[PDB]
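With CSV, C-alpha atoms and all ligand atoms inside, this is query_33.csv:
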```
chain,number,residue,atom,x,y,z
A,1,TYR,CA,-34.8,2.9,-0.3
A,2,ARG,CA,-32.2,4.8,1.6
A,3,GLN,CA,-29.8,3.3,-1.0
A,4,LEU,CA,-32.0,4.6,-3.8
A,5,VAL,CA,-32.2,8.0,-2.1
A,6,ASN,CA,-28.4,8.1,-1.6
A,7,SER,CA,-27.5,7.1,-5.2
A,8,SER,CA,-26.4,9.0,-8.2
A,9,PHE,CA,-28.4,9.1,-11.4
A,10,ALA,CA,-25.3,7.7,-12.9
A,11,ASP,CA,-25.3,4.9,-10.3
A,12,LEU,CA,-29.0,4.3,-10.9
A,13,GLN,CA,-27.7,3.5,-14.4
B,1,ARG,CA,-29.3,4.4,-25.6
B,2,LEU,CA,-32.9,3.4,-25.0
B,3,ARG,CA,-32.0,2.5,-21.4
B,4,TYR,CA,-30.5,5.8,-20.9
B,5,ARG,CA,-33.6,7.5,-22.2
B,6,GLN,CA,-35.8,5.4,-20.0
B,7,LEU,CA,-33.8,6.3,-16.9
B,8,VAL,CA,-33.8,10.0,-17.9
B,9,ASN,CA,-37.6,10.0,-18.2
B,10,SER,CA,-38.3,7.7,-15.2
B,11,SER,CA,-39.7,9.0,-11.9
B,12,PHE,CA,-37.8,8.2,-8.8
B,13,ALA,CA,-40.9,6.4,-7.5
B,14,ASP,CA,-40.4,4.1,-10.5
B,15,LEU,CA,-36.9,3.1,-9.8
B,16,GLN,CA,-38.0,0.9,-6.9
B,17,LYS,CA,-40.3,-1.3,-9.0
C,1,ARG,CA,-39.7,20.0,-0.9
C,2,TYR,CA,-39.5,16.3,-0.6
C,3,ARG,CA,-42.6,14.7,-2.1
C,4,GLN,CA,-42.2,16.6,-5.3
C,5,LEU,CA,-38.6,15.6,-5.8
C,6,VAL,CA,-39.5,12.0,-5.0
C,7,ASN,CA,-42.1,11.8,-7.7
C,8,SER,CA,-40.3,14.0,-10.2
C,9,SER,CA,-38.0,12.8,-13.0
C,10,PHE,CA,-34.3,13.5,-13.3
C,11,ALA,CA,-35.1,15.5,-16.4
C,12,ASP,CA,-37.6,17.6,-14.5
C,13,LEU,CA,-34.9,18.4,-11.9
C,14,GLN,CA,-33.1,20.1,-14.7
C,15,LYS,CA,-36.1,22.3,-15.3
D,1,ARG,CA,-23.7,52.9,-48.4
D,2,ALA,CA,-21.4,53.5,-51.4
D,3,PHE,CA,-18.5,51.7,-49.7
D,4,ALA,CA,-20.2,48.3,-50.2
D,5,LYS,CA,-18.7,47.9,-53.6
D,6,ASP,CA,-15.0,48.1,-52.6
D,7,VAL,CA,-14.9,45.8,-49.5
D,8,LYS,CA,-12.9,42.6,-49.5
D,9,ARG,CA,-12.2,42.1,-45.8
D,10,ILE,CA,-15.0,42.1,-43.3
D,11,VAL,CA,-15.2,41.2,-39.6
D,12,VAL,CA,-18.7,39.9,-38.6
D,13,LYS,CA,-19.5,39.2,-35.0
D,14,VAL,CA,-22.3,37.0,-33.5
D,15,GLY,CA,-23.1,37.9,-29.9
D,16,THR,CA,-24.1,35.3,-27.2
D,17,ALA,CA,-27.7,36.4,-27.7
D,18,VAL,CA,-27.6,35.4,-31.3
D,19,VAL,CA,-25.7,32.2,-30.7
D,20,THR,CA,-27.8,30.9,-27.8
D,21,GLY,CA,-31.5,30.7,-27.7
D,22,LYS,CA,-33.0,28.7,-24.8
D,23,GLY,CA,-31.4,26.8,-21.9
D,24,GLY,CA,-27.8,27.0,-23.3
D,25,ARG,CA,-29.0,25.5,-26.5
D,26,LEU,CA,-27.1,26.6,-29.6
D,27,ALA,CA,-29.5,28.4,-31.9
D,28,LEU,CA,-29.1,25.8,-34.6
D,29,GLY,CA,-31.6,27.8,-36.5
D,30,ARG,CA,-29.7,31.1,-36.4
D,31,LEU,CA,-26.2,29.7,-36.3
D,32,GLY,CA,-26.8,27.5,-39.3
D,33,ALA,CA,-28.2,30.3,-41.4
D,34,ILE,CA,-25.3,32.7,-40.4
D,35,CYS,CA,-22.7,30.0,-41.2
D,36,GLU,CA,-24.3,29.2,-44.6
D,37,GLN,CA,-24.3,32.9,-45.5
D,38,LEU,CA,-20.7,33.3,-44.3
D,39,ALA,CA,-19.7,30.3,-46.4
D,40,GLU,CA,-21.4,31.7,-49.5
D,41,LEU,CA,-19.7,35.0,-48.9
D,42,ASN,CA,-16.3,33.4,-48.5
D,43,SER,CA,-16.7,31.7,-51.9
D,44,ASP,CA,-17.5,35.0,-53.5
D,45,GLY,CA,-14.0,36.2,-52.7
D,46,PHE,CA,-14.5,37.9,-49.4
D,47,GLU,CA,-12.0,37.7,-46.5
D,48,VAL,CA,-14.4,36.8,-43.7
D,49,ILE,CA,-13.1,37.0,-40.1
D,50,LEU,CA,-15.5,35.7,-37.6
D,51,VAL,CA,-15.5,36.9,-33.9
D,52,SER,CA,-17.9,34.7,-32.0
D,53,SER,CA,-19.1,34.6,-28.4
D,54,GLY,CA,-21.4,32.4,-26.4
D,55,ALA,CA,-19.0,29.9,-25.0
D,56,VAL,CA,-19.9,30.9,-21.4
D,57,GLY,CA,-23.6,30.0,-21.9
D,58,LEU,CA,-22.9,26.6,-23.5
D,59,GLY,CA,-20.4,25.8,-20.8
D,60,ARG,CA,-22.9,26.8,-18.1
D,61,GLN,CA,-25.6,24.6,-19.6
D,62,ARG,CA,-23.4,21.6,-20.0
D,63,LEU,CA,-21.8,21.9,-16.6
D,64,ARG,CA,-25.3,22.2,-15.1
D,65,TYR,CA,-26.3,18.8,-16.6
D,66,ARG,CA,-22.9,17.5,-15.6
D,67,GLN,CA,-23.8,18.3,-12.0
D,68,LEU,CA,-27.2,16.8,-11.9
D,69,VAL,CA,-26.0,13.6,-13.5
D,70,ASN,CA,-23.2,13.4,-11.0
D,71,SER,CA,-25.2,14.5,-8.0
D,72,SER,CA,-26.8,12.6,-5.1
D,73,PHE,CA,-30.5,13.0,-4.4
D,74,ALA,CA,-29.6,14.7,-1.2
D,75,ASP,CA,-27.7,17.3,-3.2
D,76,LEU,CA,-30.8,18.1,-5.2
D,77,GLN,CA,-32.3,19.3,-1.9
D,78,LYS,CA,-30.7,22.8,-2.0
D,79,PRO,CA,-30.3,24.9,-5.3
D,80,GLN,CA,-26.7,24.4,-6.4
D,81,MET,CA,-24.4,27.5,-6.3
D,82,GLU,CA,-22.4,29.2,-9.1
D,83,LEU,CA,-20.7,26.7,-11.4
D,84,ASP,CA,-17.5,28.7,-11.9
D,85,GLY,CA,-16.2,32.0,-13.0
D,86,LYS,CA,-14.0,30.6,-15.8
D,87,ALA,CA,-14.6,26.8,-16.3
D,88,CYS,CA,-18.0,27.1,-17.8
D,89,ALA,CA,-16.3,29.4,-20.3
D,90,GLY,CA,-13.6,26.8,-21.0
D,91,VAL,CA,-16.1,23.9,-21.6
D,92,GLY,CA,-18.3,26.2,-23.7
D,93,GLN,CA,-15.6,27.4,-26.0
D,94,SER,CA,-14.7,23.8,-26.6
D,95,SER,CA,-18.3,23.0,-27.5
D,96,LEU,CA,-18.7,26.0,-29.8
D,97,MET,CA,-15.6,25.3,-31.7
D,98,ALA,CA,-16.8,21.7,-32.1
D,99,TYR,CA,-20.1,22.8,-33.5
D,100,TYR,CA,-18.6,25.3,-35.9
D,101,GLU,CA,-16.3,22.6,-37.3
D,102,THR,CA,-19.1,20.0,-37.7
D,103,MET,CA,-21.1,22.6,-39.6
D,104,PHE,CA,-18.3,24.0,-41.7
D,105,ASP,CA,-17.2,20.5,-42.7
D,106,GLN,CA,-20.5,20.3,-44.7
D,107,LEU,CA,-19.9,23.3,-46.9
D,108,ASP,CA,-16.1,22.7,-47.0
D,109,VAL,CA,-14.7,25.8,-45.3
D,110,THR,CA,-11.8,25.4,-42.9
D,111,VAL,CA,-11.6,27.4,-39.6
D,112,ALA,CA,-8.9,28.0,-37.0
D,113,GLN,CA,-9.2,28.5,-33.3
D,114,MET,CA,-7.4,31.8,-32.6
D,115,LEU,CA,-7.8,32.8,-29.0
D,116,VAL,CA,-6.3,36.1,-27.7
D,117,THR,CA,-6.1,37.6,-24.3
D,118,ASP,CA,-5.8,41.2,-23.2
D,119,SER,CA,-2.3,40.6,-21.8
D,120,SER,CA,-1.2,38.8,-24.9
D,121,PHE,CA,-2.3,42.0,-26.7
D,122,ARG,CA,-0.6,45.2,-25.9
D,123,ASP,CA,2.5,43.2,-25.8
D,124,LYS,CA,4.8,44.9,-28.3
D,125,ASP,CA,5.6,42.6,-31.3
D,126,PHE,CA,2.3,40.7,-30.7
D,127,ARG,CA,0.0,43.2,-32.4
D,128,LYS,CA,2.1,42.2,-35.4
D,129,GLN,CA,2.6,38.5,-35.4
D,130,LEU,CA,-1.1,38.2,-34.9
D,131,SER,CA,-1.5,40.5,-37.9
D,132,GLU,CA,0.7,38.4,-40.2
D,133,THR,CA,-0.8,35.1,-39.1
D,134,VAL,CA,-4.3,36.2,-39.7
D,135,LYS,CA,-3.3,37.6,-43.1
D,136,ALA,CA,-1.8,34.3,-44.3
D,137,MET,CA,-4.7,32.3,-43.0
D,138,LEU,CA,-7.2,34.5,-44.8
D,139,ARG,CA,-5.1,34.0,-48.0
D,140,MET,CA,-5.6,30.3,-48.1
D,141,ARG,CA,-9.3,30.8,-48.1
D,142,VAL,CA,-9.6,30.1,-44.4
D,143,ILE,CA,-12.1,31.7,-42.0
D,144,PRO,CA,-10.6,32.5,-38.5
D,145,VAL,CA,-12.9,32.2,-35.5
D,146,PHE,CA,-11.5,34.7,-33.0
D,147,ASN,CA,-12.6,34.8,-29.3
D,148,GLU,CA,-11.4,36.0,-25.9
D,149,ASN,CA,-9.9,33.4,-23.7
D,150,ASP,CA,-11.8,33.5,-20.5
D,151,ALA,CA,-10.4,30.4,-19.0
D,152,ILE,CA,-6.7,31.3,-18.6
D,153,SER,CA,-7.2,35.0,-18.1
D,154,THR,CA,-6.7,36.7,-14.8
D,155,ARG,CA,-9.0,39.7,-15.1
D,156,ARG,CA,-11.9,37.8,-13.6
D,157,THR,CA,-7.8,48.9,-21.2
D,158,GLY,CA,-7.1,47.5,-24.7
D,159,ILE,CA,-9.9,45.0,-25.2
D,160,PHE,CA,-12.9,45.8,-23.1
D,161,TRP,CA,-13.5,42.4,-21.7
D,162,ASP,CA,-16.0,42.0,-24.6
D,163,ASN,CA,-15.8,40.4,-28.0
D,164,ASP,CA,-17.6,43.4,-29.4
D,165,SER,CA,-14.6,45.6,-28.6
D,166,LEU,CA,-12.3,42.8,-29.4
D,167,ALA,CA,-13.9,42.9,-32.8
D,168,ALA,CA,-13.1,46.6,-33.0
D,169,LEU,CA,-9.5,46.2,-32.1
D,170,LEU,CA,-8.9,43.3,-34.3
D,171,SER,CA,-10.5,45.0,-37.3
D,172,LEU,CA,-8.3,48.1,-36.9
D,173,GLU,CA,-5.2,45.9,-36.4
D,174,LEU,CA,-6.0,43.5,-39.3
D,175,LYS,CA,-6.8,46.6,-41.4
D,176,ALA,CA,-10.3,45.4,-42.2
D,177,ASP,CA,-12.8,47.2,-44.5
D,178,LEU,CA,-16.0,46.6,-42.5
D,179,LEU,CA,-17.0,45.4,-39.1
D,180,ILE,CA,-20.5,44.0,-38.6
D,181,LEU,CA,-22.1,43.7,-35.2
D,182,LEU,CA,-25.0,41.3,-35.6
D,183,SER,CA,-27.4,41.6,-32.7
D,184,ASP,CA,-31.0,40.7,-31.7
D,185,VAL,CA,-32.4,44.2,-32.5
D,186,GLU,CA,-32.6,45.6,-36.0
D,187,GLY,CA,-30.1,48.3,-35.2
D,188,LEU,CA,-29.3,51.1,-32.7
D,189,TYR,CA,-32.6,52.6,-31.7
D,190,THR,CA,-33.2,55.8,-29.7
D,191,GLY,CA,-33.5,54.0,-26.4
D,192,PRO,CA,-35.6,50.9,-25.6
D,193,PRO,CA,-37.2,49.5,-28.7
D,194,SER,CA,-40.5,48.4,-27.0
D,195,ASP,CA,-42.1,51.8,-26.7
D,196,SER,CA,-43.0,53.7,-29.9
D,197,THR,CA,-41.2,56.8,-28.8
D,198,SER,CA,-37.8,55.3,-29.7
D,199,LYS,CA,-37.1,55.3,-33.4
D,200,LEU,CA,-34.5,53.5,-35.5
D,201,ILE,CA,-31.8,55.7,-37.1
D,202,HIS,CA,-29.7,55.0,-40.1
D,203,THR,CA,-26.5,57.1,-39.6
D,204,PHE,CA,-24.6,57.8,-36.3
D,205,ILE,CA,-23.9,61.5,-36.4
D,206,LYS,CA,-21.2,62.3,-33.8
D,207,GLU,CA,-22.8,65.5,-32.3
D,208,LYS,CA,-26.5,64.4,-32.8
D,209,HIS,CA,-26.9,60.8,-31.4
D,210,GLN,CA,-25.3,61.4,-28.0
D,211,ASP,CA,-28.2,63.0,-26.2
D,212,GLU,CA,-31.2,60.6,-26.7
D,213,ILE,CA,-29.3,57.3,-26.3
D,214,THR,CA,-29.8,56.0,-22.8
D,215,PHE,CA,-28.8,52.4,-23.8
D,216,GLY,CA,-32.0,51.4,-22.0
D,217,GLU,CA,-33.0,52.5,-18.6
D,218,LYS,CA,-31.6,49.1,-18.0
D,219,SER,CA,-27.8,48.9,-17.6
D,220,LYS,CA,-26.7,45.6,-19.0
D,221,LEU,CA,-23.2,45.7,-17.4
D,222,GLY,CA,-22.5,42.0,-18.0
D,223,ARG,CA,-22.1,42.3,-21.7
D,224,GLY,CA,-22.0,46.1,-21.4
D,225,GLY,CA,-25.1,45.7,-23.5
D,226,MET,CA,-25.6,48.5,-25.9
D,227,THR,CA,-23.5,51.2,-24.4
D,228,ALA,CA,-20.5,49.0,-25.0
D,229,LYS,CA,-21.6,48.2,-28.5
D,230,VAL,CA,-22.0,51.8,-29.4
D,231,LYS,CA,-18.6,52.6,-28.0
D,232,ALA,CA,-16.9,49.8,-30.0
D,233,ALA,CA,-18.6,51.0,-33.2
D,234,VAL,CA,-17.6,54.6,-32.6
D,235,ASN,CA,-14.0,53.6,-32.0
D,236,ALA,CA,-13.8,51.4,-35.0
D,237,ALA,CA,-15.2,54.1,-37.2
D,238,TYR,CA,-12.9,56.7,-36.0
D,239,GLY,CA,-9.7,54.6,-36.7
D,240,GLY,CA,-10.7,54.2,-40.4
D,241,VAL,CA,-13.1,51.3,-40.5
D,242,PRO,CA,-16.8,51.8,-41.4
D,243,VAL,CA,-19.1,49.9,-39.0
D,244,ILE,CA,-22.7,48.8,-39.4
D,245,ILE,CA,-24.9,47.4,-36.6
D,246,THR,CA,-27.6,45.0,-37.8
D,247,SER,CA,-29.9,42.2,-36.6
D,248,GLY,CA,-28.5,38.7,-36.6
D,249,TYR,CA,-31.6,36.7,-36.1
D,250,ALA,CA,-31.9,36.7,-39.9
D,251,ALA,CA,-28.7,35.9,-41.8
D,252,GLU,CA,-30.0,37.1,-45.1
D,253,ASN,CA,-29.6,40.6,-43.9
D,254,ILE,CA,-25.8,40.2,-44.2
D,255,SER,CA,-26.1,40.0,-48.0
D,256,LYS,CA,-28.3,43.1,-48.0
D,257,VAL,CA,-25.7,45.0,-46.0
D,258,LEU,CA,-22.8,43.8,-48.0
D,259,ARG,CA,-24.6,44.4,-51.3
D,260,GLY,CA,-25.9,47.7,-50.0
D,261,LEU,CA,-29.7,47.9,-49.3
D,262,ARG,CA,-29.9,50.6,-46.7
D,263,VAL,CA,-30.4,48.2,-43.8
D,264,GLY,CA,-29.1,48.8,-40.3
D,265,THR,CA,-27.3,51.7,-38.8
D,266,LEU,CA,-24.0,53.3,-40.2
D,267,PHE,CA,-21.2,54.4,-38.0
D,268,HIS,CA,-19.0,56.2,-40.6
D,269,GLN,CA,-16.2,58.6,-40.2
D,270,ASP,CA,-17.7,60.6,-43.1
D,271,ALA,CA,-20.5,62.2,-41.2
D,272,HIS,CA,-20.1,65.9,-42.2
D,273,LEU,CA,-20.0,65.4,-46.0
D,274,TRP,CA,-23.0,63.1,-46.1
E,301,LIG,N1,-30.4,51.9,-26.8
E,301,LIG,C1,-30.8,50.7,-27.1
E,301,LIG,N2,-31.5,50.4,-28.2
E,301,LIG,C2,-32.0,49.2,-28.5
E,301,LIG,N3,-31.8,48.1,-27.7
E,301,LIG,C3,-31.2,48.2,-26.5
E,301,LIG,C4,-30.7,49.5,-26.1
E,301,LIG,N4,-30.1,49.4,-24.9
E,301,LIG,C5,-30.2,48.1,-24.6
E,301,LIG,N5,-30.9,47.4,-25.5
E,301,LIG,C6,-31.2,46.0,-25.4
E,301,LIG,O1,-30.2,45.3,-24.7
E,301,LIG,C7,-29.5,44.3,-25.5
E,301,LIG,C8,-28.0,44.5,-25.5
E,301,LIG,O2,-27.5,43.4,-26.3
E,301,LIG,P1,-25.9,43.0,-26.1
E,301,LIG,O3,-25.1,43.9,-27.0
E,301,LIG,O4,-25.6,42.9,-24.6
E,301,LIG,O5,-25.9,41.5,-26.7
E,301,LIG,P2,-24.5,40.8,-27.1
E,301,LIG,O6,-24.0,41.6,-28.3
E,301,LIG,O7,-24.8,39.3,-27.3
E,301,LIG,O8,-23.5,40.9,-25.9
E,301,LIG,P3,-22.3,39.9,-25.7
E,301,LIG,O9,-22.0,39.4,-27.1
E,301,LIG,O10,-21.2,40.8,-25.2
E,301,LIG,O11,-22.8,38.9,-24.8
E,301,LIG,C9,-30.1,44.3,-26.9
E,301,LIG,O12,-30.6,43.0,-27.2
E,301,LIG,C10,-31.3,45.3,-26.8
E,301,LIG,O13,-32.5,44.7,-27.0
E,302,LIG,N1,-16.5,34.2,-22.8
E,302,LIG,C1,-17.2,34.0,-24.1
E,302,LIG,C2,-17.5,35.4,-24.7
E,302,LIG,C3,-17.5,36.5,-23.6
E,302,LIG,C4,-18.1,37.8,-24.2
E,302,LIG,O1,-19.4,37.9,-24.2
E,302,LIG,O2,-17.4,38.7,-24.6
E,302,LIG,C5,-16.3,33.2,-25.0
E,302,LIG,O3,-15.1,33.1,-24.8
E,302,LIG,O4,-16.8,32.7,-26.1
E,303,MG,MG,-22.9,43.3,-24.5
```

Translate the structure described by the file into structure tokens.
Ligand SMILES: Nc1ncnc2c1ncn2[C@@H]1O[C@H](COP(=O)(O)OP(=O)(O)OP(=O)(O)O)[C@@H](O)[C@H]1O
Ligand SMILES: N[C@@H](CCC(=O)O)C(=O)O
Ligand SMILES: [Mg+2]
Amino acid sequence: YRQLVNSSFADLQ
Amino acid sequence: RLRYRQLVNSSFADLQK
Amino acid sequence: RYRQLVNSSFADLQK
Amino acid sequence: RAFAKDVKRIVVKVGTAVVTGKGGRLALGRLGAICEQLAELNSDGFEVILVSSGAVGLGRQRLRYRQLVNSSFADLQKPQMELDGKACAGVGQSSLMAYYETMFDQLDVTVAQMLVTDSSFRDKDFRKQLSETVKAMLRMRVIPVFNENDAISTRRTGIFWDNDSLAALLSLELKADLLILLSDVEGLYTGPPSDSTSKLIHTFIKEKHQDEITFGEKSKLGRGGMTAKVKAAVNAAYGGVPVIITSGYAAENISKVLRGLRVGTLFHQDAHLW
């Protein structure tokens, strides 16, 4: 989660 | 392109599942 | 402040 | 409107309001109609010089989305600050020239990116070379797209930091016949158009329409709004260029003005003998 909350929409891509 | 659209429309609570 | 952002969509944040 | 017969060099001007509609989105509806009308005019033997504006809005919108895509969720916590005082402008001018090309490559009319600063102007020997260049470019049936470079400037006299005045100066320098100032409203009213007290006028008399023109209780400032527009028009008229202010949310109007159908407001140096 923290990773998800500390990620870039570009990263999420 | 469709993956981009899906990610643009998704809700953060949906990026976990 | 938090919950909204959590459930909102990247598009939405662009309002 | 008798001058409409003998005009073969016009300087139209689309303001940011005309170009952009919602959320830094090019008004494809308005811009397309205006470009189509300009292409039809060009074909009918008319030197059409286009002075456009709206790069700042497009740059602001695209740099917004280029922040949120490259932002961390934590960042989304606090409303982001100003994007920039000049970079939005840069990106937006790029985008606008891009659009124009794409559109003018459908009706086969070539355009050139001529960007001029206030310092470049006022430089002796510049007010000429620009002149000659623009003349040759018009001669090969090309439509220039003038603008004010807001990305390499240092202002943060001469041009009035507005394309509207830029239009005026260029028109006087390039020795144009007419300068059109397409805007959102149907012309120069007697104040704010919302209330019924303000009434549209059709000719700007020097000593008549300078007592009931507040330019809105609202002072635009950013684009100088109307006051600036009226000033530009007056200056252009005085130098020897008739100037007409008209709505731009309807391109068809341009043909009516050029053909002569009593539409808009006239800022003519022949006010006494009219
Ligand atoms: N005296 C007036 N009569 C009619 N409308 C007015 C008056 N004063 C202010 N306004 C309003 O303010 C606005 C001023 O428009 P403005 O000239 O700033 O747009 P613009 O030409 O796109 O500016 P720019 O291109 O420099 O960004 C008009 O849309 C008009 O509705
Ligand atoms: N900065 C905008 C125009 C600024 C203005 O409204 O005059 C551009 O370069 O296109
Ligand atoms: Mg203005």

(message) Would you pick out the contacts of segment 1-9 of chain A at 9 Å or less, using all atoms listed in the file, so that residues sharing its chain but fewer than 2 positions from it are not included, and give the list as a PyMOL selection string?
(response) (chain A and resi 11-13) or (chain B and resi 7-8+12+15-16) or (chain C and resi 6+10) or (chain D and resi 68-74)

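Reported to one decimal place, the separation of atom CA of residue 149 of chain D from atom CA of residue 161 of chain D is 9.9 Å.
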
(message) Taking all atoms listed in the file and a cut-off of 10 Å, can you tell me which residues surround ligand LIG 302 (chain E), written as a VMD selection string?
(response) chain D and resid 14 to 17 51 to 59 86 88 to 97 115 to 116 146 to 151 159 to 167 222 to 225

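Nearest to ligand MG 303 (chain E) of all the residues D:61, D:242, D:23, D:18 is D:18, based on all atoms listed in the file.
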
(request) Could you give me, as number ranges by chain, the residues within 8 Å of residue 9 of chain C, counting only C-alpha atoms and dropping anything in the same chain fewer than 2 positions from it? (result) B: 8-12; C: 5, 7, 11-13

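Interatomic distance, atom CA of residue 180 of chain D against atom CA of residue 236 of chain D: 10.6 Å.
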
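Taking atom CA of residue 35 of chain D and atom CA of residue 107 of chain D as endpoints, the distance between them is 9.2 Å.
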
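Residues surrounding residue 8 of chain D within 10 Å are residues 42, 44, 45, 46, 47, 48, 176, 177 and 178 of chain D [only C-alpha atoms; sequence separation below 5 positions excluded].
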